[PDB]
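Chain residues, written in single-letter form:
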Amino acid sequence: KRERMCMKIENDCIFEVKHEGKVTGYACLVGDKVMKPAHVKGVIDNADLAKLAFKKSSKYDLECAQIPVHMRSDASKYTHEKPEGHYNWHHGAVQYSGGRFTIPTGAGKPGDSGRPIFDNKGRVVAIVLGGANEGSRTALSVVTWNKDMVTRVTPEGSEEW
Amino acid sequence: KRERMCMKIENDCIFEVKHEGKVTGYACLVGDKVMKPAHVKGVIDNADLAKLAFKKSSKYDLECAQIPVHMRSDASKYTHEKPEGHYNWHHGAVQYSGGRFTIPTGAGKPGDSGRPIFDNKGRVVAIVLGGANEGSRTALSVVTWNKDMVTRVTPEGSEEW
Amino acid sequence: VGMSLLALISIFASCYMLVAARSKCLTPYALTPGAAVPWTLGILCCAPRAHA
């Protein structure tokens with residue numbers, strides 16, 4: 001139920017970014033703005049998305065652009081509330097404990113950057129950039145949103161994926 | 001059920017301090033900071049934790065240092081709320097009444113300093129230093145927390161265990 | 001020589017007292033997993049620049 005809806009939303013709101021023929025990151029549709037991690041390199045597998053003008057900002061390691069009108073209905077719905085507990089993800093379920101996003105599985109691999117972290121109701125919470133090896137776990141370095149502000153949370157020792 | 005979880009957390013988050021071949025205290029991992037009472041002298045029975053630089057403050061009788069990255073997932077979680085009632089401990093249960101920590105049996109022993117007092121949910125509340133013998137009971141000289149401030153509570157006649 | 005030595009002693013004592021006051025003001029914040037109050041961080045420089 002929840003997993004099926006989440007994977008359908010991911011299918012409808014994720015575009016692969018391939019460099020030299022191999023995928024290196026993912027750009028996702030959130031609200032009405034195209035969001036992609038800045039540190040990854042490549043081009044979006046989409047004629048409409050690849051031609052846009054991507055705003056750059058090295059402080060948040062994020063690229064943003066305005067989506068065209070005809071993909072507005074194919075974009076996720078955003079939110080800013082982050083209650084403590086469990087959140088969905090593509091490679092499982094992520095845990096929010098003490099202002100940190102951590103992976104129960106500890107199977108973080110390079111090339112998964114940019115995949116949104118989802119809420120219970122299908123809303124998007126943050127964006128994955130990298131993680132720091134917390135032994136059996138890893139603490140995620142994610143870009144979230146405040147009420148009206150962007151913040152970047154990077155645990156010590158994190159590596160970009 | 002609660003006892004097994006508390007013992008598991010204590011096994012994964014408490015280390016003995018060895019000095020001259022005899023145990024003098026315990027060092028616990030709370031949040032992201034190593035904990036150790038200052039008056040207790042020795043070295044942590046752990047190669048990784050022995051090399052950390054400790055920041056001493058004799059006003060609160062506590063020495064703290066930043067935990068290594070690979071032991072972060074094996075550390076307890078904390079809180080700053082102290083509702084009236086009872087709390088768990090490795091030596092039984094402790095009575096919290098009127099802002100006082102009291103030992104029902106007076107079973108505390110020297111060398112047991114550094115054992116955290118746990119919450120009903122498995123969270124850490126305060127770190128014990130010594131006990132004051134008040135008749136059959138024994139009040140605890142403990143290092144507790146405000147929202148962001150460490151406060152050292154010391155009843156009259158306390159002796160540093 | 002006497003005047004120069006006295007001046008150096010006084011300036012060293014003042015600098016040491018400033019450092020000790022900084023350490024005493026920012027000692028309780030390393031014993032909690034809390035924030036450093038950027039208002040105090042600006043006035044009182046500390047080793048953690050961006051982390052914690």
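What the entry reports as its method is cryo-EM, with 3.45 Å given for the resolution.

Q: Before we go on, may I ask you to explain the sheet that holds strand β1 (residues 14-19) of chain A in this structure?
A: Pairing between the strands of a sheet comes from backbone hydrogen bonds, and it takes one of two forms, parallel or antiparallel. All names here are of chain A. As summarised here, the arrangement of the six strands in space is β4-β1-β2-β3-β6-β5, forming an open sheet in which the pairing is antiparallel. The sheet is open, and its two edges are formed by β4 (43-44) and β5 (55-57), each paired on a single side. Relative to strand β6 (residues 62-66), β5 runs antiparallel, the two being bridged by three bridges. The residue bridging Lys55 from the neighbouring strand is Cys64, located in β6.

Q: I'm lost on the side chain of A:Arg123 in this one. Help?
A: Along the chain, the position of A:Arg123 falls in the loop between β10 (116-118) and β11 (124-134). Taking relative accessible area as the criterion, A:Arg123 reaches 14% and is therefore assigned buried.

Q: Would you mind going over helix α1 (residues 2-12) of chain A with me for this structure?
A: Given 3.6 residues per turn, any residue in an α-helix points the same way as the ones three and four places further on. All names here are of chain A. Turning to α1, its buried residues number three or more, namely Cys6, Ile9 and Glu10. Relative to the axis of α1, the buried residues are bounded by an arc of 100 degrees and lie together on one face. Turned more than 90 degrees away from the buried face of α1 sit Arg4 and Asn11, all of them exposed.

Q: For this particular structure, what's the right way to read the environment of B:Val69?
A: Here B:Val69 shows up in the loop between β6 (62-66) and β7 (85-89). Assessed through its relative accessible area of 30%, B:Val69 is described here as partly exposed. Residues B:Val69 and B:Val23, spaced 46 residues apart in sequence, show a C-alpha to C-alpha distance of 26 Å. Apart from residues lying up to four places away in sequence, B:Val69 is in contact with A:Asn133, A:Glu134 and A:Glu156.

Here is what the cut-offs are and how they apply
- Residues numbered from 1 in each chain as written, not as in the entry; some residues may be left out.
- Chains lettered and ligands numbered in written order.
- Part of a larger assembly, values for the part shown.
- Heavy atoms only, no water.
- Pairing = 2+ DSSP bridges.
- Helix = DSSP H or I, 4+ residues; strand = E, 2+ residues; numbered from the N terminus.
- Buried < 20%, exposed > 50% of the residue type's maximum accessible area, 1.4 Å probe, protein only.
- Arc of directions from axis to C-beta.
- Contact = heavy atoms within 4.5 Å.

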